[PDB]
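Here the structure is laid out as structure tokens; the discussion comes afterwards.
Start at 1 and go down the list; that is how both ligands and their atoms are numbered. We number each residue from 1, following the sequence as shown.
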Amino acid sequence: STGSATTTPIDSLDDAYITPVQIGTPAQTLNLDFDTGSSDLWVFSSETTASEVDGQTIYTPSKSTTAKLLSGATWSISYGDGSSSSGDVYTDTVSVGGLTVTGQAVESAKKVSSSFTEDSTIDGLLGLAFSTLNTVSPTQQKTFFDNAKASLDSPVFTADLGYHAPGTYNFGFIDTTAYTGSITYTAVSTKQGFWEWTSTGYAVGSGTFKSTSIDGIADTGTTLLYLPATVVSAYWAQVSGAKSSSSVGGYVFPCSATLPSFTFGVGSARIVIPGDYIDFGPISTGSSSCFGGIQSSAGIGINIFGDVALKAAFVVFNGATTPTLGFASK
Ligand SMILES: NCc1ccc(C(F)(F)F)cc1
């Protein structure tokens, strides 16, 4: 079987993407943020503290004839930006784009941090990293992808994110009309639970390609591109007037400048990020300083190929017994 669903930017900067997901019987449709950097499926629900909910669609397990409380199970998660949430656990039917899993763990938020509450367009997260990162206790739970793997035609999903435009998540098949050229595959380490891979180098604008190993994760759940300080300094040095700002928390640049592209290596292939993708607009309304889409990973501890990078490519997440990541130009 296969599934296919459209994913839509939540705002005009592509800060995140939401995908409709059907939970329960009869279906309750929630717009979830598909996150290959985490492994929990959690939703705003009828059990979330009423003050922590501001326009989200909530899952109501009591209206689902297929929902079952997973007695005694709890979950608690903290994200790399300081976000957190926690609650209890149901199992229920979950469908994405026509692909249905029965008995999926649905983590119901009783508490959410403030940054989820302020984001009225996101009803929850759908984790697509490896199930070893799932936070359910005492019994760890499988991700939607892991549950679906058996019945998929091919154990893969693909991410085709749009620039200021809708895109597609496909499960179980590779759409050979959605990319150009060949797909280059590259090895994945699952030892930390992430889709972790090694990029072979980079170039700034039309400069020479520097061969150098950059280990990092493919994370649809992270907006920006976080790379080592040496790389990020070499990029912003080519933008007149760019500087690292401690009050803003990263590199900013004059909104009037034009940004060079950024190339990253996948084996012998090259993925080019157009400079326009790196502009995240004014730091405050009316400001002439603009926020850069490439930032240093030094304070994070791991390099992250977030949406800025991934939306420049067609990306294959191959969850075969030896996993790989595939990249193609589009
Ligand atoms: N998208 C989920 C996520 C968030 C943060 C991190 C970090 F910061 F731990 F690398 C990984 C994955």
Side-chain angles (χ1 to χ4, degrees), residues 7 9-11 13-19 21 31-44 75-86 96 105 107 109 112-119 121-136 140-141 143-146 157-159 161 167 169 188-190 192-199 213-229 231-232 249-250 264 280 293-313 315 317 319 323 325:
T7 189
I10 63 161
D11 57 26
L13 296 178
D14 299 345
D15 280 316
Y17 297 81
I18 47 174
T19 307
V21 179
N31 298 329
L32 306 190
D33 185 349
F34 281 24
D35 179 9
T36 61
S38 70
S39 304
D40 282 48
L41 197 177
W42 74 258
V43 297
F44 279 84
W75 63 279
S76 187
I77 205 184
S78 283
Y79 298 94
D81 69 314
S83 297
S84 72
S85 47
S86 68
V96 173
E107 309 171 24
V112 317
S113 51
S114 63
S115 63
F116 295 106
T117 287
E118 308 175 347
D119 258 335
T121 60
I122 300 172
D123 305 325
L125 265 64
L126 193 139
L128 293 168
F130 292 92
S131 293
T132 59
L133 296 180
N134 175 265
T135 74
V136 174
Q140 204 154 57
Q141 289 311 294
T143 68
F144 178 81
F145 182 51
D146 271 347
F157 68 93
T158 68
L161 303 173
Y169 278 104
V188 164
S189 176
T190 64
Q192 309 202 267
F194 295 118
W195 292 92
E196 187 177 358
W197 62 291
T198 306
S199 172
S213 293
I214 301 162
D215 173 86
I217 62 159
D219 186 2
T220 61
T222 290
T223 311
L224 306 181
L225 179 49
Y226 291 92
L227 289 175
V231 178
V232 179
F264 64 95
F280 272 73
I294 293 173
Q295 297 295 341
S296 172
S297 64
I300 300 328
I302 199 189
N303 297 310
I304 302 174
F305 290 85
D307 295 338
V308 162
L310 301 181
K311 75 174 119 170
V315 189
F317 294 78
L325 265 184

Check: So, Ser213 and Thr198: side-chain donor and acceptor under 3.5 Å apart, yes or no?
Finding: no

Next item on the list: Would you mind checking which non-hydrogen protein atom is closest to atom 3 (C) of ligand 1, with the distance to 0.1 Å?
Entry: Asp219 OD2, 3.5 Å

Notebook entry, point to check: Side chain of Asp219, backbone of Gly221: donor and acceptor closer than 3.5 Å?
Noted result: yes

Check: ligand 1 versus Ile300, non-hydrogen atoms closer than 4.0 Å: side chain, backbone, both, neither?
Finding: side chain

Checklist line | Which residue and heavy atom of the protein sit nearest atom 7 (C) of ligand 1, plus the separation | finding: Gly80 CA, 4.2 Å

Check: Does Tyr79, backbone or side chain, put an N or O under 3.5 Å from an N or O of ligand 1?
Finding: no

Next item on the list: Check salt bridge (charged side-chain N to carboxylate O under 4.0 Å, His left out) between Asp14 and all other residues, then give those that pass, not counting sequence neighbours.
Entry: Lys311

Check: Parallel, tilted or perpendicular: which describes the rings of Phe130 and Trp195, with under 30° parallel and over 60° perpendicular?
Finding: tilted

Next item on the list: Check the side chains of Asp40 and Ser38 for a donor-acceptor pair under 3.5 angstrom, ignoring hydrogens and angles.
Entry: no

Margin query: Within the 4.0 Å heavy-atom shell around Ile302, which atoms of ligand 1 are there?
Written below: 10 (F)

Check: For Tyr226, which residues count as a ring-ring contact (aromatic ring centres under 6.0 Å, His included) partner, sequence neighbours excluded?
Finding: none

Next item on the list: Could you tell me the residue and atom name of the protein heavy atom closest to atom 2 (C) of ligand 1, and the distance to it rounded to 0.1 Å?
Entry: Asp35 OD2, 3.2 Å

Check: Which heavy atom of the protein is the closest neighbour of atom 12 (C) of ligand 1, given with residue, atom name and distance?
Finding: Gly37 O, 3.2 Å

